[PDB]
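Only one chain is given next, in structure tokens, and it is the form deposited in one PDB entry.
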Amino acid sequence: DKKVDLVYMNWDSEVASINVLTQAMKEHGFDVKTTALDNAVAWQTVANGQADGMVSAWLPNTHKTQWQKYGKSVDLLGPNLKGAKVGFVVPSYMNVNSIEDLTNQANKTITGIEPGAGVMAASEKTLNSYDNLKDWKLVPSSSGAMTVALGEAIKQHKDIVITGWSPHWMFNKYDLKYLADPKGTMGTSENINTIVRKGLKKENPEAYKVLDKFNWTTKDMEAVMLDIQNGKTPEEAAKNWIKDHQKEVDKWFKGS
């Protein structure tokens, strides 16, 4: 009679993690309910005990507002994935290795995404902080347009500098690298965390123990995300990843 009620928000990262955790918990005999909700709504359901938890708490910056409102009302168990970040990214075949080393590559353009995006604010700050970038231009478009442009550039061995972020399937599809950011204007890393309702440890110790132990890496998430980007259903992408990492998955369901 094991059960668990999980909520997530509909981002490609979370679709990957929530299907792996769902398929894993089903395989270990849980009745699993999962529902996608708006970000603020998902947090409130966990804070009020309407849902058992979420594995989609991005801290400290991305969900800063929600953590300020609800953090003291939930149990933060800890990180399930470490090292999410943003930065300038280039194909690995380009020589440059640091943002301070850019000069005239790629038509002095940073190929960006939606104008309102957090990586885009950081990119603007970055262009106004590094002396060598004074004549460079941030060109917004969309996430889809950026990845199309990345693909075409790599196909033709052309220079391109994009506003990249991780985890993301592009790092599995292509051979890319982040440019060093010695001034730190592209920010520091975040972790994705697990939060549960306060009554869980006592009322549902079976689910609590699993959520407490759930963890995987940026490369694992990127592998699942690439399968989905290539047409596999999230359920099949997840089952395939689980099969290949059975030892790692089984760890979430045993031990003190």
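Residues that one form lacks are left out of the comparison. One rule holds for the numbers: they count along the sequence shown, beginning at 1. What we label the rigid core is the largest C-alpha set whose atoms superpose within 1.5 Å from one form to the other.
FYI, the form deposited in another entry isn't displayed, but the following is about it.
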(request) Please look at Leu81, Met120, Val74, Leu77 and say which one has a C-alpha shift reaching 2 Å or more between the shown form and the other one, core superposed. (result) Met120
(message) With a change of at least 3 Å, which way does the C-alpha separation between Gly118 and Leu59 go in the other entry: closer or farther?
(response) closer
(request) Tell me whether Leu150 and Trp11 end up closer or farther apart in the other entry, going by their C-alpha atoms; the shift is 3 Å or more. (result) closer
(request) Go ahead and list the segments of at least 3 residues in a row whose C-alphas all shift 2 Å or more between the shown form and the other one, with the rigid core as the reference fit. (result) 86-165, 170-187
